Amino acid sequence: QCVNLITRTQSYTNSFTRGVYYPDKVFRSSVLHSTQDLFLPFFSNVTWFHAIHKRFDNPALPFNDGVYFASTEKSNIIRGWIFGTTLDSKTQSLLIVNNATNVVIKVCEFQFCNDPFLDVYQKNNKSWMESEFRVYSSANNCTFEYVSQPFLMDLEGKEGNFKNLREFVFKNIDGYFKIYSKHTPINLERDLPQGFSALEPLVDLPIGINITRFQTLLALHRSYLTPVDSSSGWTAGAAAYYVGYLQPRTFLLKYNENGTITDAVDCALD
Amino acid sequence: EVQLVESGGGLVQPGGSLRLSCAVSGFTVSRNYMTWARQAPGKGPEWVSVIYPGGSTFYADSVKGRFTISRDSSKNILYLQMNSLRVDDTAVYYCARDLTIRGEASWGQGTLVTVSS
Amino acid sequence: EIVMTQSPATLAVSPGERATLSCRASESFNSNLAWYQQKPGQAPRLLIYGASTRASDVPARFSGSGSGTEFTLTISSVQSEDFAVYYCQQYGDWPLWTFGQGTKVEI
Amino acid sequence: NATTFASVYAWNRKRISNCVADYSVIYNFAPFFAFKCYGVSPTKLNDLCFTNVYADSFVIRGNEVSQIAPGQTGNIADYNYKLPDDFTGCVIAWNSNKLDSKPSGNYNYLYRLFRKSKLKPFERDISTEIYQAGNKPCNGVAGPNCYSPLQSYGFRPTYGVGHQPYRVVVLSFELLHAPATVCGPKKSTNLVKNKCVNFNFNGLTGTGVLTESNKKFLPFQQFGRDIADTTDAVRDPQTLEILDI
């Protein structure tokens with residue numbers, strides 16, 4: 001099925017030293033080198049979304065030569081990833097879902113909704129009764145399968161202080177789409193922290209596609225006791241996350257004696 | 001009922017050419033296998049050529065490379081063009097809808113094809 | 001391809017008597033033998049297909065038995081109409097088959 | 001080696017992707033009636049790399065396994081299966097009389113011989129429509145010349161060489177602009193140390209002498225090139241052995 005809300009109704013901030021990954025699979029120790037590559041520029045405007053989570057939005061995030069995503073959050077309510085051009089059985093589309101048990105990767109021609117939604121309550125059963133799966137609902141005429149290990153760190157963390165930051169880089173180049181990931185603990189409870197760490201690659205998928213739009217999927221569903229308050233509580237403010245874009249410049253690095261990237265500079269700054 | 005009427009037979013010299021028609025009443029020639037059976041006056045019958053609804057035509061070992069088997073669906077007539085005839089081709093020709101696997105069979109009356117000089 | 005012999009080739013049974021014919025194959029096929037009846041000046045008519053079942057409007061006297069390289073055709077009561085020529089076609093590679101040679105049954 | 005083998009009319013697509021073929025236990029299993037391989041040779045199959053591999057299964061008579069060829073038609077090659085002319089693979093057939101051919105009869109094994117047209121290559125047409133072999137319409141009931149498109153093999157242990165049950169496993173190898181996913185490249189000699197020796201690791205070649213692990217490589221790393229743009233630290237791809245060149 002499909003849910004579209006007629007009741008539909010961006011707080012920019014600064015990225016100082018974020019968005020640095022290992023450029024290759026070689027190891028060097030206590031040296032420096034420069035690369036002409038696409039990174040996240042230092043001290044850049046990034047779109048911090050509506051900083052709560054009641055609220056359920058339908059934006060149109062454009063994909064352009066890779067996307068840097070970062071969202072410190074708990075319980076992993078934000079889960080999905082949809083990539084494509086029009087997602088309406090006309091051009092090729094790609095679906096990544098990253099649930100707790102496993103991950104599923106497909107390239108298909110799905111009928112993605114304007115505002116799709118994942119499943120969920122307990123109510124004396126203690127397990128989430130999965131209500132519906134309103135993400136594609138049709139167009140299963142595709143011929144691909146890809147399953148690997150579950151990706152993200154475990155969910156339902158209810159620590160007193162903020163713990164997890166999950167940082168990803170999506171690089172769709174050459175039809176050789178690459179995933180860079182990092183899970184890091186910072187406990188200071190204020191926006192993007194002032195620090196430095198690197199990102200590592202783990203997934204390369206050769207398919208070959210043009211992606212002009214991407215959109216992520218939220219967890220939870222209709223409030224329970226289905227006869228009453230099925231779905232009217234929500235507004236166009238879905239969640240809080242950080243999205244940035246990459247540019248090809250020169251980003252001379254610094255390696256330690258253990259090979260970990262410890263410092264970096266930008267050659268297009270001051 | 002199924003009725004098969006053979007025509008066009010006669011006396012033709014060896015090394016010549018001939019064309020036989022087989023009028024079929026009862027079904028379509030483009031949906032049934034037509035066997036162009038021979039019978040000697042002294043010996044029994046044999047398989048010579050077969051045809052498939054998809055257009056697959058097959059010939060026997062001694063008749064291959066000389067014969068043409070064709071179908072007319074609008075006229076429902078099975079045609080057989082024979083070239084480079086020999087003395088051994090003097091027999092009685094039948095149109096055979098054998099179809100003996102399922103268990104119904106229809107055979108034509110045939111014509112006495114005489115090849116001599 | 002598979003050829004056959006018919007035994008006996010000089011069959012002669014009086015009217016109102018049981019008749020026996022045997023067909024011996026050259027090779028082994030997929031148990032697909034057809035007993036065919038041809039009258040003098042007539043088109044051949046199928047009696048038995050697979051050597052176990054009679055044809056349409058064919059009386060119950062004709063019965064087939066055996067499988068492999070030997071087959072037996074039995075006529076229970078020949079009454080003035082089954083005196084004809086019998087062939088044991090081998091449609092094991094159907095429609096590529098081989099008919100008989102001749103089994104003129106005399107009174 | 002599949003019990004209750006897939007028959008010819010309903011051959012199952014068993015597409016192989018992201019796997020590494022061996023091409024050895026295939027040849028070393030059962031006396032093959034016909035190991036014919038047109039387009040590609042089975043000897044170099046382990047060396048050739050392909051993007052996708054399909055596997056199809058047929059059960060046909062021994063006089064029908066020769067019908068499976070490009071440009072050939074027949075009882076099986078016109079209505080049961082059709083081959084594209086760009087086929088690269090093998091037409092391997094068994095001689096399975098012990099597993100199949102029940103004494104009561106393998107009447108579950110059939111084959112199609114009725115169709116309104118020739119089968120398209122790489123197309124499966126499984127239907128239960130009554131074929132109109134005559135002029136009158138069927139309209140569901142078996143009319144004058146309306147019969148089912150299937151005919152029983154009746155496989156039993158009294159049949160001949162060309163009429164016994166025959167299990168055909170056909171492999172289709174396709175290559176395109178996508179990178180090859182199915183290969184057979186598993187071959188790795190044992191290593192030595194402290195010797196002037198040529199080495200080939202993951203495709204990259206060189207020569208020199210070897211030293212055991214001493215450095216502090218990352219949990220994910222394989223290449224230890226230094227400041228001088230020279231290969232000097234490598235890993236064994238099969239076992240976690242860090243080496244110095």
# chains A, B, ... in the order shown; residues from 1 in each chain; ligands from 1
$ closest_atom_pairs --of "chain B" --to "chain D" --cutoff "7 Å" --atoms "only C-alpha atoms" --output "JSON lines"
{"residue": "B:26", "atom": "CA", "partner": "D:135", "partner_atom": "CA", "distance": 6.8}
{"residue": "B:27", "atom": "CA", "partner": "D:134", "partner_atom": "CA", "distance": 4.4}
{"residue": "B:28", "atom": "CA", "partner": "D:135", "partner_atom": "CA", "distance": 5.8}
{"residue": "B:31", "atom": "CA", "partner": "D:133", "partner_atom": "CA", "distance": 5.3}
{"residue": "B:32", "atom": "CA", "partner": "D:133", "partner_atom": "CA", "distance": 6.2}
{"residue": "B:53", "atom": "CA", "partner": "D:116", "partner_atom": "CA", "distance": 6.9}
{"residue": "B:54", "atom": "CA", "partner": "D:117", "partner_atom": "CA", "distance": 4.9}
{"residue": "B:56", "atom": "CA", "partner": "D:73", "partner_atom": "CA", "distance": 6.6}
$ write_last_selection --atoms "N, CA and C atoms" --output "tab-separated table (two decimals), in the first residue's frame"
chain	number	residue	atom	x	y	z
B	26	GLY	N	-10.99	-32.07	-42.94
B	26	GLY	CA	-11.13	-32.54	-41.57
B	26	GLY	C	-10.35	-31.72	-40.56
B	27	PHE	N	-9.22	-31.16	-40.98
B	27	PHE	CA	-8.38	-30.37	-40.09
B	27	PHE	C	-7.56	-29.40	-40.93
B	28	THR	N	-6.54	-28.81	-40.31
B	28	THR	CA	-5.62	-27.90	-40.97
B	28	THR	C	-4.28	-28.59	-41.18
B	31	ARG	N	-1.30	-27.64	-38.79
B	31	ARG	CA	-1.35	-28.04	-37.39
B	31	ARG	C	-1.25	-29.56	-37.22
B	32	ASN	N	-0.95	-30.30	-38.28
B	32	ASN	CA	-0.88	-31.75	-38.22
B	32	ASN	C	0.34	-32.24	-38.97
B	53	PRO	N	4.21	-28.71	-37.49
B	53	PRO	CA	3.48	-27.43	-37.58
B	53	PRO	C	4.37	-26.21	-37.48
B	54	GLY	N	5.52	-26.31	-36.80
B	54	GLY	CA	6.44	-25.20	-36.72
B	54	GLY	C	7.30	-24.98	-37.95
B	56	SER	N	9.25	-27.68	-39.34
B	56	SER	CA	10.34	-28.64	-39.37
B	56	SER	C	9.97	-29.79	-40.30
$ interface_residues --of "chain C" --to "chain D" --cutoff "9 Å" --atoms "only C-alpha atoms" --output "number ranges by chain"
C: 27-31, 67-68, 92-94
$ residues_around --residues "residue 26 (chain D)" --least-positions-apart "3" --cutoff "10 Å" --atoms "only C-alpha atoms" --output "PDB file with C-alpha atoms, in the first residue's frame"
ATOM      1  CA  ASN D   1      23.479 -35.394  -8.417  1.00  0.00           C
ATOM      2  CA  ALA D  21      33.172 -22.843 -10.157  1.00  0.00           C
ATOM      3  CA  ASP D  22      35.538 -25.812 -10.039  1.00  0.00           C
ATOM      4  CA  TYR D  23      34.798 -27.665 -13.341  1.00  0.00           C
ATOM      5  CA  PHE D  29      30.971 -37.792 -11.936  1.00  0.00           C
ATOM      6  CA  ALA D  30      29.166 -40.618 -13.840  1.00  0.00           C
ATOM      7  CA  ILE D  92      26.439 -32.855 -20.988  1.00  0.00           C
ATOM      8  CA  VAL D 169      22.693 -30.836 -17.423  1.00  0.00           C
TER       9      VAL D 169
END
$ closest_atom_pairs --of "chain C" --to "chain B" --cutoff "6 Å" --atoms "only C-alpha atoms" --output "tab-separated table"
residue	atom	partner	partner_atom	distance
C:43	CA	B:109	CA	5.8
C:98	CA	B:46	CA	5.4
C:99	CA	B:45	CA	5.2
C:100	CA	B:44	CA	5.1
C:101	CA	B:44	CA	3.9
C:102	CA	B:44	CA	5.7
$ residues_around --residues "residue 214 (chain D)" --least-positions-apart "3" --cutoff "9 Å" --atoms "only C-alpha atoms" --output "ChimeraX atom specification"
/D:211,242-244
$ decode --residues "region 13-97 of chain C" --atoms "C-alpha atoms" --output "mmCIF file, in the first residue's frame"
data_model
loop_
_atom_site.group_PDB
_atom_site.id
_atom_site.type_symbol
_atom_site.label_atom_id
_atom_site.label_comp_id
_atom_site.auth_asym_id
_atom_site.auth_seq_id
_atom_site.Cartn_x
_atom_site.Cartn_y
_atom_site.Cartn_z
ATOM 1 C CA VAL C 13 -6.136 -69.662 -40.870
ATOM 2 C CA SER C 14 -9.657 -70.879 -41.589
ATOM 3 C CA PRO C 15 -12.622 -68.593 -40.779
ATOM 4 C CA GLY C 16 -13.927 -68.871 -37.240
ATOM 5 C CA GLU C 17 -10.568 -69.763 -35.680
ATOM 6 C CA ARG C 18 -7.972 -68.153 -33.441
ATOM 7 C CA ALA C 19 -5.069 -66.494 -35.261
ATOM 8 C CA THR C 20 -1.536 -65.848 -33.999
ATOM 9 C CA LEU C 21 1.122 -63.520 -35.416
ATOM 10 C CA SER C 22 4.537 -62.628 -33.983
ATOM 11 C CA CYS C 23 6.773 -59.622 -34.631
ATOM 12 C CA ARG C 24 10.494 -59.710 -33.835
ATOM 13 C CA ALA C 25 12.319 -56.385 -33.704
ATOM 14 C CA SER C 26 15.935 -55.795 -34.692
ATOM 15 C CA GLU C 27 16.817 -53.424 -31.834
ATOM 16 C CA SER C 28 15.027 -52.311 -28.664
ATOM 17 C CA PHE C 29 12.680 -49.317 -28.760
ATOM 18 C CA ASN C 30 10.480 -47.682 -26.117
ATOM 19 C CA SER C 31 7.745 -50.368 -26.307
ATOM 20 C CA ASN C 32 5.991 -48.578 -29.188
ATOM 21 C CA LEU C 33 4.647 -51.115 -31.696
ATOM 22 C CA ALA C 34 1.615 -50.584 -33.942
ATOM 23 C CA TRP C 35 -0.281 -53.453 -35.549
ATOM 24 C CA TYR C 36 -1.774 -52.105 -38.807
ATOM 25 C CA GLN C 37 -4.293 -53.827 -41.101
ATOM 26 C CA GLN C 38 -4.341 -53.204 -44.850
ATOM 27 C CA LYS C 39 -6.915 -54.775 -47.152
ATOM 28 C CA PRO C 40 -6.175 -55.375 -50.855
ATOM 29 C CA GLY C 41 -6.736 -52.110 -52.687
ATOM 30 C CA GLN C 42 -7.279 -50.242 -49.410
ATOM 31 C CA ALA C 43 -5.461 -47.833 -47.138
ATOM 32 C CA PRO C 44 -3.826 -49.389 -44.047
ATOM 33 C CA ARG C 45 -5.897 -49.277 -40.861
ATOM 34 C CA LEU C 46 -4.379 -49.210 -37.381
ATOM 35 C CA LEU C 47 -5.527 -51.856 -34.906
ATOM 36 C CA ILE C 48 -3.093 -51.911 -31.975
ATOM 37 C CA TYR C 49 -0.847 -49.139 -30.663
ATOM 38 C CA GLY C 50 1.807 -49.870 -28.070
ATOM 39 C CA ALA C 51 0.939 -53.581 -28.545
ATOM 40 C CA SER C 52 -1.580 -53.317 -25.690
ATOM 41 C CA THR C 53 -4.678 -51.349 -26.807
ATOM 42 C CA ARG C 54 -7.121 -51.560 -29.716
ATOM 43 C CA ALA C 55 -8.160 -48.669 -31.959
ATOM 44 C CA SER C 56 -11.419 -46.839 -32.675
ATOM 45 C CA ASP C 57 -14.210 -49.110 -33.992
ATOM 46 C CA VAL C 58 -11.880 -52.123 -33.760
ATOM 47 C CA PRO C 59 -13.382 -55.324 -32.287
ATOM 48 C CA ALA C 60 -12.233 -56.883 -29.026
ATOM 49 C CA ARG C 61 -10.852 -60.022 -30.718
ATOM 50 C CA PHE C 62 -7.488 -58.391 -31.473
ATOM 51 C CA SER C 63 -5.122 -58.382 -28.494
ATOM 52 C CA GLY C 64 -1.442 -57.519 -28.173
ATOM 53 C CA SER C 65 1.074 -58.960 -25.739
ATOM 54 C CA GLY C 66 4.786 -58.838 -25.011
ATOM 55 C CA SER C 67 7.347 -56.067 -24.687
ATOM 56 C CA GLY C 68 10.887 -55.610 -25.953
ATOM 57 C CA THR C 69 12.027 -57.466 -29.074
ATOM 58 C CA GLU C 70 9.119 -59.935 -29.341
ATOM 59 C CA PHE C 71 5.418 -59.124 -29.671
ATOM 60 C CA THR C 72 2.349 -61.323 -30.162
ATOM 61 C CA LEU C 73 -0.909 -60.357 -31.888
ATOM 62 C CA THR C 74 -3.888 -62.636 -31.229
ATOM 63 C CA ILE C 75 -7.207 -62.671 -33.102
ATOM 64 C CA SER C 76 -9.922 -64.425 -31.106
ATOM 65 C CA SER C 77 -12.385 -65.143 -33.933
ATOM 66 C CA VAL C 78 -11.662 -64.308 -37.574
ATOM 67 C CA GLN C 79 -15.046 -64.004 -39.329
ATOM 68 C CA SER C 80 -14.802 -63.179 -43.057
ATOM 69 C CA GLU C 81 -13.432 -59.639 -42.577
ATOM 70 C CA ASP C 82 -10.043 -59.772 -40.801
ATOM 71 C CA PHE C 83 -8.275 -61.696 -43.586
ATOM 72 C CA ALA C 84 -5.873 -58.949 -44.654
ATOM 73 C CA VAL C 85 -2.216 -57.923 -44.376
ATOM 74 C CA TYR C 86 -0.703 -57.008 -41.001
ATOM 75 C CA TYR C 87 2.311 -54.790 -40.335
ATOM 76 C CA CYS C 88 4.077 -54.182 -37.015
ATOM 77 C CA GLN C 89 5.255 -50.576 -37.272
ATOM 78 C CA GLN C 90 7.961 -49.571 -34.777
ATOM 79 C CA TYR C 91 7.256 -45.986 -33.704
ATOM 80 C CA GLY C 92 9.925 -45.932 -31.011
ATOM 81 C CA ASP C 93 11.452 -42.864 -32.670
ATOM 82 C CA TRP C 94 8.086 -41.558 -33.869
ATOM 83 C CA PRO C 95 7.397 -40.105 -36.428
ATOM 84 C CA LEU C 96 10.477 -41.964 -37.788
ATOM 85 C CA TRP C 97 9.151 -45.529 -38.021
#
